[PDB]
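Just the one chain here, the form deposited in one PDB entry, laid out as C-alpha cells.
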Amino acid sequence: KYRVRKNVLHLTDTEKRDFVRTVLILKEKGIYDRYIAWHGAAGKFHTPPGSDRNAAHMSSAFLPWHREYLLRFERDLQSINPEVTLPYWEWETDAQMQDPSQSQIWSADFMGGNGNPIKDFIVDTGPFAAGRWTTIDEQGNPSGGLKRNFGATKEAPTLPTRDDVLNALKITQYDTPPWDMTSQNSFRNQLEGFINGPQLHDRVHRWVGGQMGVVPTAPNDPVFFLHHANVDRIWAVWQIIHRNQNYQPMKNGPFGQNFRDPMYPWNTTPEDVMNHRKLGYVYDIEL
C-alpha cells in the first residue's frame, strides 16, 4: 500500500502531461503493443474450448485477469518514470453531466476528444490523435488511427450511474455457477455488465465506441487502462466491504477460472492478485 492511484479529475496538470508522456514512450519502445496483443490473445483462449468463456472475459477470471494486466502495465510505466501511477476514470460521476463529452478526461492535454464524424470517426485532437499514434488490428498490423464515437449505439446511449455501482456493491457472492454470462446474483457478472446488459463495464466499452467498442482491439485506446482502473477500484471496494467473501470458483470451475489456476497468457493465478495492497498500490479514496 504505497503507490497510489488517483481520480483523473484530481490529477494535477503536470501529472497528466507526465502520464501521457510515459504512455507515448512505452508505445515508441514497442512495449505498449505487447499489452494490446496480450488482450487479444486471451480472447482466443476459451475455457473450455467451444465455450463463450475466455481467459479474460465472460467468466470469473475477468476481474483478477485485468488486475494483473494493469499491475504489469503500471510497472512498465514506473520503469520509465517512478512518479507515474495508473489513474482511474470515474465514469459514474461523468454520467451525471448533460454532456459527459465535456469531462476534462477528454481535454486536449490528456486523452483527446470524440471522433470526427467527417473522418469516419477518427480522433484528431489530443496526444493520441491520428498521425501521432498508430493503432494495430487483430492481425497485428497498423490500422490507421484511433476512433471514438460517444454514445452512438441504442443499447448504450449513456454511461453507468452512481446507483448502478452502488447496486453492484450490495451483491454478496463474488460469482455463482455456471461462471459465465448467465450467472445471477454475481458481483463479477454484474460489474462485467451482463445482468440485464449492457450495464457497467460492458456499457462503458459500448459508449466510447471506436476501438473501445470492440473488446479485442480496445487497448488501442489508452482510456482502456483508465476505464479498467475504475473497474479494479470498484472490485477493491467490494472486497473491503465483503471481507468474508472470497473468489469463486475455488475449484471445479473450468480450467483457467479456478482460484489457483494460471490465467493465460501468464502463470499468474487469481490467488496471486486477490489482495491489491500487497501488490503495492492503493486507490486515493482509501486515503
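One-based numbering along the sequence shown.
Keep in mind that the form solved in complex with a small molecule is missing from the display, and what follows is about it.
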Query - Per-stretch contact check against the small molecule in the deposited bound form, the hit in 111-119, 75-83, 172-180, 206-214 (non-hydrogen atom, 4.5 angstroms) - result: 206-214
Query raised in the report: Among 226, 234, 55, 218, which has at least one heavy atom within 4.5 Å of the small molecule in the deposited bound form?
Result: 218
Query raised in the report: Wondering, does residue 188 line up within 4.5 Å of the small molecule in the deposited bound form on heavy atoms?
Result: no
Query - Touches the small molecule in the deposited bound form: residue 148 (any heavy atom, 4.5 Å) - result: no
Query raised in the report: Wondering, does residue 67 line up within 4.5 Å of the small molecule in the deposited bound form on heavy atoms?
Result: no
